[PDB]
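Protein chains in written order, with the deposited numbering: chain N, 107 to 212; chain H, 1 to 422; chain I, 213 to 422. Quick notes on the structure that follows.
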Amino acid sequence: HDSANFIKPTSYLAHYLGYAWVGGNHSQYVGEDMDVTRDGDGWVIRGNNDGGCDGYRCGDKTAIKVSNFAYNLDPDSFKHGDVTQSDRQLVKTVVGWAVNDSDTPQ
Amino acid sequence: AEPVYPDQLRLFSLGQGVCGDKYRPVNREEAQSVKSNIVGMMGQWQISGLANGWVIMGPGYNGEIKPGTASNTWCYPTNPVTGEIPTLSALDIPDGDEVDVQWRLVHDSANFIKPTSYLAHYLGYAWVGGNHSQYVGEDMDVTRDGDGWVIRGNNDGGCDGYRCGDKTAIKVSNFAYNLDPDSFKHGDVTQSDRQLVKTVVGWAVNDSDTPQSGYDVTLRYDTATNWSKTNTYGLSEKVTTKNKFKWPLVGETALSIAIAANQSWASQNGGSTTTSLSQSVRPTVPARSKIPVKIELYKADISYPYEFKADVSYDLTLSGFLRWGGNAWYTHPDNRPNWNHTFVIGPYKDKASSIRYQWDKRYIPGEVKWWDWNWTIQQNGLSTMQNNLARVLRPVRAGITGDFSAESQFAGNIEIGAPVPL
Amino acid sequence: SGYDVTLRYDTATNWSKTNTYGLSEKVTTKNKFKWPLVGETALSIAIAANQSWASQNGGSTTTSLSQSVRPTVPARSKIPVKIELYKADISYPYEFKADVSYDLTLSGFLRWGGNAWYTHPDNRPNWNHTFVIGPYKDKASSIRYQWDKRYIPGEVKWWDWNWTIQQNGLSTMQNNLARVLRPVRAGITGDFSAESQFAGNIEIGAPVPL
Numbered sequence: 107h108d109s110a111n112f113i114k115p116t117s118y119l120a121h122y123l124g125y126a127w128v129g130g131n132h133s134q135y136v137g138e139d140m141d142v143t144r145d146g147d148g149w150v151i152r153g154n155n156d157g158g159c160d161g162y163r164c165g166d167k168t169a170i171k172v173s174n175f176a177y178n179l180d181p182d183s184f185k186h187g188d189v190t191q192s193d194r195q196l197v198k199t200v201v202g203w204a205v206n207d208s209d210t211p212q
Numbered sequence: 001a002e003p004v005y006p007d008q009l010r011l012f013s014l015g016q017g018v019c020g021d022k023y024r025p026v027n028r029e030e031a032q033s034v035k036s037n038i039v040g041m042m043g044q045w046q047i048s049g050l051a052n053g054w055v056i057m058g059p060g061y062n063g064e065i066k067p068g069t070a071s072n073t074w075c076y077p078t079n080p081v082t083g084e085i086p087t088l089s090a091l092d093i094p095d096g097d098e099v100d101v102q103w104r105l106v107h108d109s110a111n112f113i114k115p116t117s118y119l120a121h122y123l124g125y126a127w128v129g130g131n132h133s134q135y136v137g138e139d140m141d142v143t144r145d146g147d148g149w150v151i152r153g154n155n156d157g158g159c160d161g162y163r164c165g166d167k168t169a170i171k172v173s174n175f176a177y178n179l180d181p182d183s184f185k186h187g188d189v190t191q192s193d194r195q196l197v198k199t200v201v202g203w204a205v206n207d208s209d210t211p212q213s214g215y216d217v218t219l220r221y222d223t224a225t226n227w228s229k230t231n232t233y234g235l236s237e238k239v240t241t242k243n244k245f246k247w248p249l250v251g252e253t254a255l256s257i258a259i260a261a262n263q264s265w266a267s268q269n270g271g272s273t274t275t276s277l278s279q280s281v282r283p284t285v286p287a288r289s290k291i292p293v294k295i296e297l298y299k300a301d302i303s304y305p306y307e308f309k310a311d312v313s314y315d316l317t318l319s320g321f322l323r324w325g326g327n328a329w330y331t332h333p334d335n336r337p338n339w340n341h342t343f344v345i346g347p348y349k350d351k352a353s354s355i356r357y358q359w360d361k362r363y364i365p366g367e368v369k370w371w372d373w374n375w376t377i378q379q380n381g382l383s384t385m386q387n388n389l390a391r392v393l394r395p396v397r398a399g400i401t402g403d404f405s406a407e408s409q410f411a412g413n414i415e416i417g418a419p420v421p422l
Numbered sequence: 213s214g215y216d217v218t219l220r221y222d223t224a225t226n227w228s229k230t231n232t233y234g235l236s237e238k239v240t241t242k243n244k245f246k247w248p249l250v251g252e253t254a255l256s257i258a259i260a261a262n263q264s265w266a267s268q269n270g271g272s273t274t275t276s277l278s279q280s281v282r283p284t285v286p287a288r289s290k291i292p293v294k295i296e297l298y299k300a301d302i303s304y305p306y307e308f309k310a311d312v313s314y315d316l317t318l319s320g321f322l323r324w325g326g327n328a329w330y331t332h333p334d335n336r337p338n339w340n341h342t343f344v345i346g347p348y349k350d351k352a353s354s355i356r357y358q359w360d361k362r363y364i365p366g367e368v369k370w371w372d373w374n375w376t377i378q379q380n381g382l383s384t385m386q387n388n389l390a391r392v393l394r395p396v397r398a399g400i401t402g403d404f405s406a407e408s409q410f411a412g413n414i415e416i417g418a419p420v421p422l
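Written out as structure tokens, the structure is:
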């Protein structure tokens, strides 16, 4: 949702490479009047299509998709809390004895 | 851009641009982030103002955002408050075994029965209460069935209402215990029904002039199972012909010729499981002496008692039909349909059963896939919902005593004997 | 110290079972061909299709016995070693002191006037039930568990102890059950015996200078 740091540079990148209609109907500049929507595991940014427009195929607007987020940790910053268990089902168990009858530790 | 919670939006009418005392106007980006919520709070042909000369239109205009000017202004607090669910102090239950503690939890009226009934009522379930009262959560019956408990309104006599008699039920099951690490103790382990598997005896002889440690005897025992399934398909073709041969000096010879071709396809799946038990002994023998050893393996039943101190968590299931006037499901049905949903009252397991996750996601319309909490806030008020949910999610602590038991487990014995001079 | 000799011995058994089902279809036709310079040629054509399903289950068991020797040898010398494995019958006596527990089974028919089963039958039916007089194993055979659960009607699934209290009095039942569940102690002597077990022998000998 950051306009000056994410939405404008990405729209200009798409415009410089030759994609068509990067922008909404309520503005004339690249990267303005854009809509952000959440869908599944990603996000979609597209120009708003409400009203009418002038141009050969205006209405087929370019979409930008963001997904596949990854995280590169600082090694000395990770912490975790308490581990809890639920729905426990036994598999197997064993008991025994170890007997030492000699004169030294074994 | 900052997140916008729909319950904090306010509409001033102090001229074009003027916006509250500790309030700032909402930008086009933020307004679009929650467009459906804002449009749902406007008149059919209403037009209201935003920041930097934009405007939003009502449901009659399909909620369009376009440049313009208006006298109204939607506004948001300069320093907004956090609408988080509070945390209360823990509820202590007197000691006992598991069923004893569960009995004391579900029969508590002020701490369990009322908050859960109010939660079911706020979400839109019908007829939460008994026939001998008019208030929510009173005249309820508690019954034990299997591994859980059921709480339902009493149905004795008559009632007035369209479908009174179809009363909502609340189910409690799947209890779990989070132990304090330094509180667990167990008692004596006892065995019964012992059947021998195998045994071995031996000697370890040392005839050199130094102590020796390089000896080993090992006994191992395994069992396994397996399964498989297969499917096959085939095709075939055959052609037959009769042929005669009037060869010289033979006169005539008759014979038939047949040629065939076939093709086949097969597919298989399977699996297996294995369990293994191993025991070893490795003695240290003094110079010029020898030592005897012995190993045994049995099968037996095992029992012992235990005790500890823990936190208690469980599952909660609500069953009934949803009210026609209004309910909190995100699709808002109006055909009075039957409904089931499970919440996990404890640590997080997944999004569909976590109240805290869904509550902290009411600012993202694309995340709202089970219950609509903005609707409950709109119907009842923010503090009411906060206090009810805080009472529902209150931690529980208890002391536990119990017994362990299992059939046909393993039991072993390993021995090193006294040395004998050579 | 880096030496090792190892001798290992294994035995195993296995089993399996299978079921199969199948279907088939065949179609046959006779066809004639009066080709030029052949006059007439006769032949039959057949086409078939089949389908099958199979299912299998099985298991196995294995037992293993292993022995090793790893000597430490002085500088400029050598040592001999030996390992043996036998099969034999084994016996020995023993003694100890212990607590004693057992099972108790009651067989008969239940009285028509009144009985303590939770369904309270009145057809004088034959009955069997087992109690475990000792540590806990499960709810159905534990007197103490059922006695401490007479305040939860949904737990009463075998015997009705409230009915016995009503018929006889609380202290009477308490004293009788206390005498039934009394602990027992004794000293024991016995003999162990088993056939075709394992017996081993491992030896490290005296060094020989080179």
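Beta carbons: idealized from backbone N, C-alpha and C, even for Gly.
Terminal residues of the alpha helix (DSSP H) in which residue i lies
i: N/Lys-114; result: 114 to 123
i: N/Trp-149; result: Premise fails: N/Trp-149 lies in the beta strand (DSSP E), 148 to 153, not in any alpha helix (DSSP H).
i: H/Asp-95; result: First-last for H/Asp-95: 91 to 96, but that is the beta strand (DSSP E), not the alpha helix (DSSP H).
i: H/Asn-37; result: 35 to 39
Any chain I beta carbon closer than 8 Å to residue i
i: H/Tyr-221; result: yes
i: H/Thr-143; result: yes
i: H/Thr-253; result: no
i: H/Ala-261; result: no
i: H/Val-239; result: yes
Contact with chain N by residue i, beta-carbon distance below 8 Å
i: H/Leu-422; result: no
i: H/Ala-287; result: no
i: H/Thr-273; result: no
i: H/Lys-66; result: yes
CB contact below 8 Å: residue i versus chain H
i: I/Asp-350; result: yes
i: N/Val-172; result: no
i: N/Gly-202; result: yes
i: N/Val-205; result: yes
i: N/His-186; result: no
i: N/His-132; result: yes
i: N/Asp-182; result: no
i: I/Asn-413; result: yes
i: I/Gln-268; result: yes
i: residue 429 of chain I; result: Since the first and last residues shown for chain I are 213 and 422, residue 429 of chain I lies out of range.
i: N/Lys-167; result: no
Range covered by the beta strand (DSSP E) that runs through residue i
i: H/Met-140; result: 140 to 145
i: I/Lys-238; result: 217 to 245
i: I/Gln-268; result: 253 to 281
i: residue 425 of chain H; result: Absent from the model: residue 425 of chain H. The displayed extent of chain H is 1 to 422, so no value can be given.
i: H/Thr-199; result: 190 to 206
i: H/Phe-175; result: 169 to 179
i: H/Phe-12; result: 10 to 12
Beta-carbon contacts of residue i that lie in its chain and below 7 Å, excluding the five residues immediately before and after
i: H/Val-142; result: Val-106, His-107, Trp-149, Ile-151
i: N/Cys-164; result: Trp-127
i: H/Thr-284; result: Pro-211, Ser-213
i: H/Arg-24; result: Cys-75, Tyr-76, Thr-78
Residues of its chain near residue i, where Cβ-Cβ distance is below 8 Å and the 5 sequence neighbours each way are ignored
i: I/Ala-287; result: none
i: H/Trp-339; result: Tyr-125, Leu-318, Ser-319, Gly-320, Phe-321, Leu-322, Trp-329
Neighbourhood of residue i by C-beta distance below 6 Å, restricted to the same chain and skipping five residues each side
i: H/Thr-116; result: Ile-170
i: H/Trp-265; result: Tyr-233
Listed by chain order, chain A residues near residue i by CB distance under 7 Å
i: N/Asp-108; result: In the displayed structure, chain A is absent; the protein chains listed are N, H and I.
Distance cut-off 7 Å: residue i Cβ against heavy atoms of the ligand NAP
i: H/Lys-294; result: Although the ligand NAP was asked about, the structure shown includes no ligands whatsoever.
Examine the Cβ distances between the stretch 284 to 300 of chain I and the stretch 225 to 244 of chain H and report whether three or more of them are shorter than 8 Å.
-> no
Can you give, in chain order, each stretch of the beta strand (DSSP E) that sits fully within the stretch 50 to 81 of chain H and has at least 3 residues?
-> 54 to 57, 65 to 67, 73 to 77
Decide yes or no for the touch test of the stretch 328 to 346 of chain H against the stretch 60 to 71 of chain H: beta carbon pairs closer than 8 Å, at least 3 of them.
-> no
Does the stretch 34 to 43 of chain H come close enough to the stretch 4 to 12 of chain H that 3 or more CB-CB pairs lie under 8 Å?
-> yes
contact_flag[the stretch 223 to 237 of chain H, the stretch 263 to 275 of chain I] where n(CB pairs < 8 Å) is 3 or more | yes
Every unbroken alpha helix (DSSP H) inside the stretch 372 to 414 of chain H [4 residues or more] | 373 to 380, 382 to 392
Contiguous beta strand (DSSP E) assignments of at least 3 residues, all confined to the stretch 320 to 369 of chain H | 338 to 345
Per the contact definition of three or more C-beta pairs closer than 8 Å, is the stretch 127 to 139 of chain H in contact with the stretch 408 to 420 of chain H?
-> no
Within the chosen definition, does the stretch 258 to 266 of chain H reach the stretch 375 to 393 of chain H through at least 3 CB pairs nearer than 8 Å?
-> no
Between the stretch 195 to 212 of chain N and the stretch 415 to 422 of chain H, are three or more C-beta pairs nearer than 8 Å?
-> yes
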